[PDB]
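Have a look at the structure below, then the notes.
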Amino acid sequence: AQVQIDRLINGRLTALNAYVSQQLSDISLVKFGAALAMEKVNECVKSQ
Amino acid sequence: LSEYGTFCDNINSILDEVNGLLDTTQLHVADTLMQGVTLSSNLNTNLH
């Protein structure tokens, strides 16, 4: 049962690593977008 | 491989979204190049 459960642990831990890598990349895109939104607030809303 | 089939679905989906981002980016660059451009119909670059 340890052999079967180890195969499931490897698959599920690989799944989490893949999801974590995707999440790191997506949050970098969100940070770039939030900096752009702050720049648009400062340079289009509060001033021109 | 069918036991891991979700890995291939995620790999295909991530590459498809990445390619969609490249296509959307290229359209935005082309739109930026074409924004506000007005040309004369009389403009013929063979003479002008």
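As shown in the structure tokens, the chain order sets the letters A, B, ...; within each chain, residues go from 1, and ligands are also counted from 1 in the order they appear.
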Next item on the list: Pull out every residue of chain A that has at least one atom within 10 Å of chain B, counting only C-alpha atoms, and report them as JSON, numbers by chain.
Entry: {"A": [11, 14, 15, 18, 19, 22]}
Next item on the list: as a ChimeraX atom specification, list the residues of chain B assigned to alpha helix (DSSP H) by DSSP on the backbone atoms of this structure.
Entry: /B:5-34
Restricted to N, CA, C and O atoms, what would the selected residues look like written as a tab-separated table (two decimals), in the first residue's frame?
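Once written, again15.tsv looks like this:
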```
chain	number	residue	atom	x	y	z
B	5	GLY	N	-3.40	11.91	-17.96
B	5	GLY	CA	-4.03	12.73	-19.00
B	5	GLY	C	-4.28	14.20	-18.65
B	5	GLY	O	-4.15	15.08	-19.49
B	6	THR	N	-4.53	14.49	-17.38
B	6	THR	CA	-4.71	15.87	-16.91
B	6	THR	C	-3.42	16.68	-17.08
B	6	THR	O	-3.48	17.86	-17.38
B	7	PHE	N	-2.24	16.07	-16.97
B	7	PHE	CA	-0.97	16.75	-17.22
B	7	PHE	C	-0.91	17.19	-18.68
B	7	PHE	O	-0.59	18.34	-18.95
B	8	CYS	N	-1.26	16.33	-19.64
B	8	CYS	CA	-1.27	16.77	-21.03
B	8	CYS	C	-2.33	17.83	-21.31
B	8	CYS	O	-2.06	18.77	-22.05
B	9	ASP	N	-3.50	17.74	-20.69
B	9	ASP	CA	-4.52	18.77	-20.83
B	9	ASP	C	-4.01	20.12	-20.29
B	9	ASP	O	-4.19	21.15	-20.94
B	10	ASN	N	-3.37	20.14	-19.12
B	10	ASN	CA	-2.80	21.37	-18.57
B	10	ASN	C	-1.67	21.90	-19.43
B	10	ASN	O	-1.63	23.09	-19.69
B	11	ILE	N	-0.78	21.06	-19.95
B	11	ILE	CA	0.32	21.50	-20.82
B	11	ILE	C	-0.24	22.14	-22.09
B	11	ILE	O	0.16	23.24	-22.47
B	12	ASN	N	-1.22	21.49	-22.73
B	12	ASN	CA	-1.85	22.03	-23.93
B	12	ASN	C	-2.58	23.34	-23.62
B	12	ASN	O	-2.44	24.31	-24.35
B	13	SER	N	-3.31	23.40	-22.51
B	13	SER	CA	-4.05	24.61	-22.12
B	13	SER	C	-3.11	25.77	-21.83
B	13	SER	O	-3.38	26.88	-22.28
B	14	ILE	N	-2.00	25.55	-21.13
B	14	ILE	CA	-1.03	26.60	-20.84
B	14	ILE	C	-0.38	27.10	-22.12
B	14	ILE	O	-0.26	28.31	-22.31
B	15	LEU	N	0.03	26.21	-23.03
B	15	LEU	CA	0.62	26.66	-24.29
B	15	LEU	C	-0.42	27.41	-25.13
B	15	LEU	O	-0.09	28.42	-25.74
B	16	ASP	N	-1.68	26.98	-25.14
B	16	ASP	CA	-2.73	27.66	-25.88
B	16	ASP	C	-2.98	29.06	-25.29
B	16	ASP	O	-3.14	30.01	-26.05
B	17	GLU	N	-3.00	29.22	-23.97
B	17	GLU	CA	-3.18	30.54	-23.36
B	17	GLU	C	-1.98	31.44	-23.62
B	17	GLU	O	-2.14	32.62	-23.91
B	18	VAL	N	-0.76	30.89	-23.61
B	18	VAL	CA	0.47	31.63	-23.91
B	18	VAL	C	0.43	32.14	-25.35
B	18	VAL	O	0.71	33.30	-25.61
B	19	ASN	N	0.04	31.28	-26.29
B	19	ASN	CA	-0.09	31.67	-27.69
B	19	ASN	C	-1.21	32.70	-27.86
B	19	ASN	O	-1.07	33.61	-28.67
B	20	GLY	N	-2.30	32.60	-27.10
B	20	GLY	CA	-3.38	33.58	-27.13
B	20	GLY	C	-2.87	34.95	-26.64
B	20	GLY	O	-3.26	35.98	-27.19
B	21	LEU	N	-2.00	34.96	-25.63
B	21	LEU	CA	-1.37	36.18	-25.12
B	21	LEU	C	-0.47	36.79	-26.19
B	21	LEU	O	-0.49	38.01	-26.37
B	22	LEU	N	0.30	35.99	-26.93
B	22	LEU	CA	1.15	36.48	-28.01
B	22	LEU	C	0.30	37.07	-29.14
B	22	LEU	O	0.60	38.15	-29.62
B	23	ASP	N	-0.80	36.42	-29.51
B	23	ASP	CA	-1.71	36.93	-30.55
B	23	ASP	C	-2.37	38.24	-30.12
B	23	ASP	O	-2.40	39.22	-30.86
B	24	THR	N	-2.84	38.32	-28.88
B	24	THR	CA	-3.46	39.53	-28.33
B	24	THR	C	-2.44	40.66	-28.27
B	24	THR	O	-2.75	41.80	-28.59
B	25	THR	N	-1.19	40.36	-27.91
B	25	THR	CA	-0.10	41.34	-27.86
B	25	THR	C	0.21	41.86	-29.25
B	25	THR	O	0.35	43.06	-29.43
B	26	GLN	N	0.28	40.99	-30.26
B	26	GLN	CA	0.55	41.41	-31.63
B	26	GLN	C	-0.57	42.30	-32.16
B	26	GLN	O	-0.29	43.30	-32.82
B	27	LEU	N	-1.83	41.99	-31.87
B	27	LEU	CA	-2.96	42.82	-32.26
B	27	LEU	C	-2.87	44.19	-31.59
B	27	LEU	O	-3.11	45.20	-32.23
B	28	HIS	N	-2.48	44.26	-30.32
B	28	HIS	CA	-2.34	45.52	-29.60
B	28	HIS	C	-1.20	46.36	-30.17
B	28	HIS	O	-1.33	47.58	-30.29
B	29	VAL	N	-0.09	45.74	-30.56
B	29	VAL	CA	1.03	46.45	-31.20
B	29	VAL	C	0.60	47.00	-32.55
B	29	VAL	O	0.85	48.16	-32.85
B	30	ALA	N	-0.10	46.21	-33.36
B	30	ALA	CA	-0.60	46.66	-34.66
B	30	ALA	C	-1.61	47.80	-34.50
B	30	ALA	O	-1.56	48.78	-35.23
B	31	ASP	N	-2.48	47.73	-33.49
B	31	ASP	CA	-3.45	48.78	-33.19
B	31	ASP	C	-2.71	50.05	-32.80
B	31	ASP	O	-3.03	51.13	-33.27
B	32	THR	N	-1.65	49.94	-32.00
B	32	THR	CA	-0.84	51.09	-31.60
B	32	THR	C	-0.20	51.73	-32.81
B	32	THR	O	-0.22	52.95	-32.93
B	33	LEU	N	0.32	50.95	-33.76
B	33	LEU	CA	0.91	51.47	-35.00
B	33	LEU	C	-0.13	52.15	-35.88
B	33	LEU	O	0.14	53.20	-36.44
B	34	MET	N	-1.35	51.62	-35.95
B	34	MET	CA	-2.44	52.16	-36.76
B	34	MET	C	-3.30	53.23	-36.10
B	34	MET	O	-4.03	53.93	-36.80
```
Check: What does the distance from CA of residue 38 (chain A) to CA of residue 21 (chain A) come to in Å, to one decimal?
Finding: 26.2 Å
Next item on the list: State, in Å with one decimal place, the distance from CA of residue 1 (chain B) to CA of residue 17 (chain A).
Entry: 19.3 Å
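CA of residue 48 (chain B) is positioned 21.5 Å from CA of residue 36 (chain B).
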